[PDB]
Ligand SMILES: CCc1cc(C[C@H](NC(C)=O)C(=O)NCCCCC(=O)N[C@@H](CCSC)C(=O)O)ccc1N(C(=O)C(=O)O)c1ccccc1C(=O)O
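Next up is one chain by itself, shown in structure tokens, the form deposited without the ligand.
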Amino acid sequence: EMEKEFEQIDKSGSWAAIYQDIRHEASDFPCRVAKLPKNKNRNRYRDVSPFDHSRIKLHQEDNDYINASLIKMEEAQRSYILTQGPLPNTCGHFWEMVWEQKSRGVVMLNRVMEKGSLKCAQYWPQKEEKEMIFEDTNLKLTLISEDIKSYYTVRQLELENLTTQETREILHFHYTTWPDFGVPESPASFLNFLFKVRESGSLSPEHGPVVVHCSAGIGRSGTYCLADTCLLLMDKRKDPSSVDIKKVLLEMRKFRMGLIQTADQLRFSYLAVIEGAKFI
């Protein structure tokens, strides 16, 4: 049924039109905190900000701001934190958020450099013996092991709160093969990655929300959240064909602006949900 809708949109060539309708219908809420002068260097892109109502607040005392939003999908029963790729001055804030929100997994959808442009800071350690200390937020981060596969890498990180000496294992799920331009021709590897994140236990409601990012935290990150949420809704709804991807995306857009940045990402999302549903 979704596949009938897909073939019809493809045949009529109206992805751009449907995508522009989503842009026009999307929620508009204030982002006053993100736009305060004191937060200018905490934002990677001046045009991508978290709404005040859904922003993640840091708990330490001087400035609570991080460019990150809680996407709480009530019907699907899953929450996600979508955030920009950390900046050189916000890596301590990023790991403070992971600690305070009790997240178990981090999903990264970009390479640190793509087409010779930096998309995010090197915010985790690449060598076991070269741990990172974030002196502003008093956290230590150590690479324990990594499992490098052809299309993604999963890293076992140890995050230590240096104040209390408590440690937690964080799983870093890094999809390394999104194309430099456009979307993947096939959703197969993206879906395999999505199911590996699920299989790891990182999305269990016993943990805090998974932290998802790319460079701005809206495009590829939106595709991941949209596909994961729609697949959940299909497994729960009495009639799985009732899941309307455009409606789900507009729901997500109540929590963070700009999710899904191109008509091609919208088409890819439909394609990933259709193929993933067959798998389940």
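Residue numbers run from 1 along the displayed sequence.
The protein also exists as the form deposited with the ligand bound; that form is not presented, and the subsequent description refers to it.
Q: Mark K38 yes when one of its heavy atoms lies within 4.5 Å of a heavy atom of the ligand in the entry with it bound, and no otherwise.
A: Although the ligand is absent here, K38 would stay clear of it in the entry with it bound, with no heavy atoms inside 4.5 Å.
Q) Might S54 be said to contact the ligand in the entry with it bound, defining contact as any heavy atom within 4.5 Å? A) Judged by the heavy-atom cut-off of 4.5 Å, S54 is well away from the ligand in the entry with it bound.
Q) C214 near the ligand in the entry with it bound, any heavy atom under 4.5 Å? A) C214: yes, in contact with the ligand in the entry with it bound.
Q.
If you apply a 4.5 angstroms heavy atom cut-off, which residues in 237-269 are near the ligand in the entry with it bound?
A. If the 4.5 Å heavy-atom criterion is applied to the ligand in the entry with it bound, 237-269 yields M257, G258, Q261, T262, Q265.
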